[PDB]
Amino acid sequence: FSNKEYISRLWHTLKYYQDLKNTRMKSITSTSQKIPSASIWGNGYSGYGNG
Amino acid sequence: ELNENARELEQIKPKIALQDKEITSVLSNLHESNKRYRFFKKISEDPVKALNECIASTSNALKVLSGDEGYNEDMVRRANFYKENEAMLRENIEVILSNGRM
Amino acid sequence: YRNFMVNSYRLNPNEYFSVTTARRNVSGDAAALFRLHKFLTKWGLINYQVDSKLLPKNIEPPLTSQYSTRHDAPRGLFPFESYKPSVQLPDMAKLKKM
Amino acid sequence: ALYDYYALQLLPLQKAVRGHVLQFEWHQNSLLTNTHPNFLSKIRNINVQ
Amino acid sequence: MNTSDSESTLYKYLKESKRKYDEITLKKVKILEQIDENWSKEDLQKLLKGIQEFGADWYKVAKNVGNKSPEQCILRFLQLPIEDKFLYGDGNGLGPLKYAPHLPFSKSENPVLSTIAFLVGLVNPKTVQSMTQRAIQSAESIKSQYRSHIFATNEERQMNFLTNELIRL
Amino acid sequence: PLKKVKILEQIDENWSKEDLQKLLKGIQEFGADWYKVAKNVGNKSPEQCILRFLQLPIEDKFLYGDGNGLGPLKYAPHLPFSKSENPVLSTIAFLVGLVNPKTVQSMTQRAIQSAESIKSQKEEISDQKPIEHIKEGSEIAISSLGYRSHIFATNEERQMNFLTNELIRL
Amino acid sequence: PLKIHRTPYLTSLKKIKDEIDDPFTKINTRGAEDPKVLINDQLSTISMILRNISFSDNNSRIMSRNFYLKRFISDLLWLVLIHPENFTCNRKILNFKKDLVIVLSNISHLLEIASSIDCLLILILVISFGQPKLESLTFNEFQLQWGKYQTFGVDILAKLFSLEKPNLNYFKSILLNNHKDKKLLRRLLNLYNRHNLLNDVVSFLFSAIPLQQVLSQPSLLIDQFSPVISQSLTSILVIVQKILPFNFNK
Amino acid sequence: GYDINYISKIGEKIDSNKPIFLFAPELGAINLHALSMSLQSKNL
Amino acid sequence: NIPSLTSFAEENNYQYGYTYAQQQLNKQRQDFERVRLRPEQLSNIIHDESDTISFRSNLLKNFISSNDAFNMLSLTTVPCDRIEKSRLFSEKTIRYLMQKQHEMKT
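Residues numbered from 1 in each chain as written, not as in the entry; some residues may be left out. Chains lettered and ligands numbered in written order. Part of a larger assembly, values for the part shown. Heavy atoms only, no water.

Regarding its fold elements, chain A presents one helix and zero strands. Against the globule reference of 10 Å for 51 residues, chain A gives a C-alpha radius of gyration of 17 Å, more extended than a compact globule. On the principal axes, the C-alpha backbone points of chain A span a range of 55 × 25 × 10 Å. Among the 51 residues that make up chain A, the fraction classed as buried is 33%. For chain A, the computed accessible surface area is about 3300 Å², with 54% contributed by carbon and sulfur atoms. (Helix = DSSP H or I, 4+ residues; strand = E, 2+ residues; numbered from the N terminus. Rg over C-alpha atoms; globule rule 2.2 N^0.38 Å. Buried < 20%, exposed > 50% of the residue type's maximum accessible area, 1.4 Å probe, protein only. Areas by Shrake-Rupley, 256 points an atom, 1.4 Å probe, with all protein chains shown as cover.)

To continue, consider the overall build of chain H. Scanning chain H for helices and strands turns up two helices and zero strands. Principal-axis analysis of the C-alpha atoms gives chain H an extent of 50 × 25 × 10 Å. Looking at chain H as a whole, 25% of its 44 residues qualify as buried. Accessible surface, chain H as shown: approximately 3000 Å² in total, 58% of it carbon and sulfur.

In this assembly, 16 residues from chain A lie in contact with 20 residues from chain H. The contact between chain A and chain H buries some 1800 Å² in all, and 69% of this surface belongs to carbon and sulfur atoms. The interface formed by chain A and chain H holds one salt bridge in total. A salt bridge links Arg24 of chain A to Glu26 of chain H; the nearest nitrogen and oxygen atoms lie 3.8 Å apart. The tally of links between chain A and chain H comes to four residue pairs in polar contact. (Contact = heavy atoms within 4.5 Å. Buried area = accessible area lost by both parts, 1.4 Å probe. Salt bridge = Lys/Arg side-chain N within 4 Å of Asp/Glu carboxyl O. Polar contact = N/O pair within 3.5 Å; in protein donor to acceptor, adjacent residues only side chain to side chain.)

On to a positive patch on the surface. Residue and element names in this part refer to chain E. Taken together, the side chains of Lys27, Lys28, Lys30 and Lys85 present a region of like positive charge at the surface. Along the polypeptide, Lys27 turns up in the loop between α1 (9–24) and α2 (41–53). According to the relative accessible area criterion, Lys27 is exposed, its value standing at 55%. (Patch = residues over 30% accessible without salt bridge, like charges linked within 9 Å, V, L, I, M, F, W, Y side chains within 5 Å. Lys, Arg positive; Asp, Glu negative; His and termini not counted. Charge placed at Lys NZ, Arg CZ, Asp CG, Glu CD.)

Note on interface size: it is often stated as the accessible area lost on association of the parts. Contact with chain E, which involves 39 residues of that partner, is made by 36 residues of chain F. Buried surface at the junction of chain E and chain F, summed over both partners, amounts to about 3200 Å²; 69% is from carbon and sulfur atoms. Area buried by chain E at its contact with chain F is led by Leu119, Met131 and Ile150 of chain E, which between them contribute 18% of it. At the boundary of chain E and chain F, one finds zero salt bridges. Taken together, the connections running from chain E to chain F amount to eight residue pairs in polar contact. Of all the secondary structure elements, the ones that give two or more residues to the side of chain E that touches chain F are α1, α5 (111–119), α6 (125–144) and α7 (154–168) of chain E. It is α6 of chain E that provides the largest number of residues to the side of chain E that touches chain F, a total of 10 residues.

Further remarks concern the arrangement of the chains. There are 27 pairs of chains in contact here; the most contacts are made by chains E and F. Between chain E and chain G there is no contact; the minimum C-alpha to C-alpha separation amounts to 15 Å.

This part covers the nonpolar core. Membership of the largest hydrophobic core comes to 75 residues, with the highest contact counts inside it found for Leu77, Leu81, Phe171, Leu198, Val201 and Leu205 of chain G. Ranked by residues supplied to this core, first place goes to helix α6 (residues 116–127) of chain G with 10 residues. Dropping the residues within four chain positions of it, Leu81 of chain G is found in contact with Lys3, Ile4, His5, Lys97, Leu121, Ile124 and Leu125 of chain G. Residues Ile50, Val88, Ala153 and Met160 of chain F belong to the second largest nonpolar core, which totals 68 residues. (Core = buried A, V, L, I, M, F, W, Y, C linked by side-chain atoms within 4.5 Å.)

Residue and element names in this part refer to chain F. Every buried residue of helix α4 (residues 46–53) is listed here: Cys49, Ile50, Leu51, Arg52 and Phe53. Close packing links the buried residues of α4 with α1 (2–11), α2 (17–29), α3 (34–41), α5 (87–96) and α6 (101–107). Among the residues of α4, the N-terminal cap falls to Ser45, whose side-chain oxygen and the backbone nitrogen of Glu47 are separated by 2.9 Å. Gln55 occupies a position one or two residues after α4 and carries a positive phi of about 55°.

Residue and element names in this part refer to chain G. Where α6 meets helix α8 (residues 167–176), the axes come as close as 9 Å, and the angle between the chain directions of the two elements is 70°. The pairing of α6 with α8 is recorded here as roughly perpendicular in orientation. Counted together, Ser116, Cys119, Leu120 and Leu123 of α6 and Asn167, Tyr170, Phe171, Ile174 and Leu175 of α8 form the full contact between these two elements. Of the residues that constitute the contact of α6 with α8, the class distribution is seven nonpolar, two polar and no charged. (Axes fitted to C-alpha atoms, helices over the stretch in contact; angles between N-to-C directions. Parallel < 35°, antiparallel > 145°, perpendicular 65-115°, else oblique. Nonpolar A, V, L, I, M, F, W, Y, C, P; charged D, E, K, R; others polar.)

This part covers the side chain of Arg76 of chain E. Residue and element names in this part refer to chain E. Tracing the sequence through the fold places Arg76 in helix α4 (residues 70–78). The side chain of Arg76 is buried and forms no salt bridge, while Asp36, the nearest opposite charge, is found at 4.4 Å. Setting aside its immediate chain neighbours within four residues, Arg76 contacts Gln34, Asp36, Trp39 and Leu44.

A few words now on the environment of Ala139 of chain E. Inspection of the secondary structure puts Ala139 of chain E in helix α6. The exposure class assigned to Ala139 of chain E is buried, which follows from its relative accessible area of 16%. The contact partners of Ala139 of chain E, leaving out residues within four places of it in the chain, are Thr103 and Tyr147 of chain F.

With that settled, consider the side chain of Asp118 of chain G. Residues and elements named next belong to chain G. Topologically, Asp118 is positioned in helix α6. One buried charged residue, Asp118, remains without a salt bridge, the closest side chain of opposite sign being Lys70 at 8.4 Å. The residues contacting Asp118, other than those within four sequence positions of it, are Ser74, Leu77 and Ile113.

So, on to the pattern of salt bridges. Two side chains carrying opposite charge are able to pair once their charged atoms lie near each other. Residues and elements named next belong to chain E. Under the criterion given, the structure shown has 26 salt bridges over all chains. For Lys68, the salt bridge is made with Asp43, and the minimal N-O distance between the two is 3.5 Å. Here the residue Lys68 occupies a position in the loop between α3 (58–65) and α4, and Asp43 occupies one in helix α2, the gap between them amounting to 25 residues. A relative accessible area of 13% means that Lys68 is categorised as buried.

With that settled, the discussion passes to a nonpolar patch on the surface. Taken together, the side chains of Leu27, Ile30, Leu32 and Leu35 of chain H define a hydrophobic patch exposed on the protein surface, amounting to about 400 Å² of accessible area. You can see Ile30 of chain H is positioned in the loop between α1 (4–16) and α2 (32–38).

On inspection of all chains with the given rule, the structure shows 28 aromatic pairs over all chains. Both rings, one in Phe81 of chain B and one in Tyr82 of chain B, keep their centres 5.3 Å apart while their planes meet at 90°; by these two values the pair is edge-to-face. Comparing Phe81 of chain B with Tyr82 of chain B shows no difference in burial state: the two are buried. Between the aromatic rings of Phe67 of chain G and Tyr68 of chain G, the centroid separation amounts to 6.1 Å while the plane-to-plane angle is 55°, which identifies the pairing as tilted. (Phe/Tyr/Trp six-rings, centres within 6.5 Å; stacked < 30°, edge-to-face > 60°.)

This part takes up unusual backbone geometry. Even without being a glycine, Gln55 of chain F presents a positive backbone phi close to 55°. A positive phi is found at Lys42 of chain H, a non-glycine position, where the angle reads about 40°. Checked against the element boundaries, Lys42 of chain H lands in the segment after α2. The exposure class assigned to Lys42 of chain H is exposed, which follows from its relative accessible area of 77%.

Time to look at the packing of α2 of chain E against α3 of chain E. Residues and elements named next belong to chain E. Running from N to C, α2 and α3 cross one another at 145°; their axes reach a closest spacing of 9 Å. Of the two possible hands of crossing, α2 and α3 adopt the one that is right-handed. Every residue of α3 that contacts α2 at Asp43, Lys46, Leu47, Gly50, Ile51 and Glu53 is listed here: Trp58, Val61, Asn64 and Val65. When grouped by side-chain class, the residues that make up the contact of α2 with α3 number five nonpolar, two polar and three charged. (Left-handed = near helix turned anticlockwise from the far one by under 90°.)

What follows covers empty space enclosed by the protein. All names here are of chain G. Approximately 140 Å³ is the volume attributed to the largest cavity. Forming the boundary of the largest cavity are 15 residues, of which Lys70, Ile73, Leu104, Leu111 and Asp118 lie nearest the centre. Among the secondary structure elements, those contributing two or more residues to the lining of the largest cavity are α4 (67–79), α5 (91–107) and α6. No other element matches the four residues that α4 contributes to the lining of the largest cavity. The class makeup of the residues in the lining of the largest cavity is 11 nonpolar, one polar and three charged. Here the second largest cavity defines a volume of roughly 60 Å³. (1 Å grid on protein atoms, 1.4 Å probe; cavity = no way out; pocket = protein on both sides within 12 Å on 5 of 7 lines; lining within 4 Å. Points joined across faces, edges and corners; volume = space filled by probe spheres on them.)

Rendered as structure tokens:
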């Protein structure tokens, strides 16, 4: 709960979100290469009515 | 005479600029001293409510700068929170259950 | 009228439930039945799955998957915390007393 | 106390759903103007047109 | 932590502490009392036994309970007062412990501010305001023995009037 | 039942009538310098003279002897049974040791004001709980903090007037 | 109405910078902790969307003929000027004026002003950009090293004066002088402190023509500010020729 | 008690890489009719 | 170009459905109002002072400015009788008002 642990918590939180952004970029470049990959959020709709 | 007055204007201008530098540097100190005067007066008016607004806006000033978010942990841990917020839970439980995520 | 239209669509959802069959099967003027049918199909609820398509296949990256959650992940939200037990011997005596 | 123990058995799973449902309720509060308050949208200065 | 243990850290440490000083010198949670008219005691018992049977599958849980929608089961599972009788307060205040994961206080950095944060919960603000205003008025009664509080000397009042005169001129 | 006489004669633990007389002489003569007051008493600290002037005990454990009115103070760590550090009482003594003790006598009726007013005040502070001494001392400390904040506010207002005159001259 | 909140641009900037740089600030109290800030952050999203949509050739004429949008504009412009006490922050009140003028800059070439109260609040909103003084011209000149936001108002006033139908009739009856707004207009006009409105509008339109700046130092500044100068001169010519010709006393 | 310049320096990157909402390239096929019917849904 | 006011009318323009002069005027209309109403995709996106204001830097500066001003209040163990007052005039403002008051009789 001191300073040297409160910054080591923030290093073990930023390094998670950097890998999460790498996943987010790879799942964008996959669909831009016409490969239907899933994202961080779910797939939005289906063929039902909305596209 | 026009060029004489132009040379006099270009002579008188940097002494005006060096004064404007100190005018702005004193105005910034006036604003900084106004902040500390307000902080020292709101404490001296009520030293228990200002000493609760000074703490509640310091830990909240750390939560935003750290990057964390969410509810207060010690508020949502009790049972009267889910009894005063009975309205939004019946909405959200049906929304999560009907979408199939519960 | 509304329960008739909704019950009649949901027997075979692949078929476009037209206005003319609803007009031919319940008694009423064509304007109000047309307006109710267009309001109903405006909000989904009828003719929402006439021409349905199949999502082919999802090549899933890691952390975008079911059961892709770890105890090591940061709880940004989910405000409940897990706290570090402080094992100090005067604090051990304080915990024994309290 | 057998059913106290039943209530003392499934309490933190209830808190887990109380956290995820609250997290999704916080997700409902997404407005994109509570977040970055500078979202510069679109401007255009005075044209000759 | 077992005091009956003669070989734990607690026994030796506390004996050495008191020896060093003399050398130098139950509250059970009654969960079935939530029997508010929409629910009942048998309904709460079947709810708890069903959640212990099937973990978080609420359709099977509402099936085991019967006569109630799954949303009411999830809501009554949320609204159970399980841990409230082990927390501190009923609803004065918890103080800085109310702001649990973010504590910007240091004994070395702010020794006074942390003790004041712990102390402001106990006191009444009205008597504090009364005593500090009495201190202010007593200081004014001592100092007396327009902005004349700052401009106390006759010199500085004439200097300020000179400033206003030169501005107007 | 004996905690009452314990705090009543723990306030008056090792202070005789002569130490009280030298203390009151040093308090009424000298202003806001407790070191010379402690030297006027001789065999005591300035903090102990402040806490006897406020009619408070020491060692911080005769106040809140258990651990319910004390909210988070039960959950404070300590050195057990030895090495007595007193964060509450030294905080109160440090805050009252800045604020001109004659106006502290003007601030509360509880404080010692004269050698003829010790017995009546000692009688009227009797039959109080150990939480009451914490409450009154913390009230005096926070009020002294507010008074010091008012003095700092007036000095900052003087500073703003000085900056205004500098602006006008510029 | 109790007080027409005519705060200028620069005092609004100073109020924003003195509210952000406050120790006990509530500018980031979040969304889920307060419902009033949730309503305000929905309305700010609505205004950012509506100022973002209006940069298309088809949307600018569809948004022009939309009774719902005209009622919403005449509905917000009342609330941001007459009773801004409900908006939480003081940056949201400036940002509503900063995108209402942008969304009215793209629409106004086809806008037909509905009511006279809206035609007065348009004038007060456009006037509220710029710096006044402490009769004569009551507007010090706005030097464009600060921000071009007042140049959007002199185009709203240049395009909304081009119809002698309802626009110029409402502007005439406001500047020179269906049963409750007769009481509302006569309450708003004497709450605005005869003919202060006309000389305020003309003095503000004589501002944003940078005479001092282009005549101090020679072709670049006029080549950059020719449209704002042209539309300001068009608006002043309209006001001079078609409004000023008797109840004057000065 | 902390060195909050370094804490804020790291927390800026944490706020930048935090998954708040979708970006422009990952929105998918934006359906205007779905948005226009969800705005009239009077949900939250 | 600078097309018309008649080209902006709803009759000559498309609507939600469900000639040659019109299709000639709508060329000039969409070629005029897309070079006029298009946003600036470059810099000068600051627009003012109160858009590039940073909440994080101001929050950090206020966190420092509260902490040191509170350490100025409590931890400074100078008594109230010993806090010496500052001068209400400077060493230069006291010279200028001796000079101008000397030159005020002209």
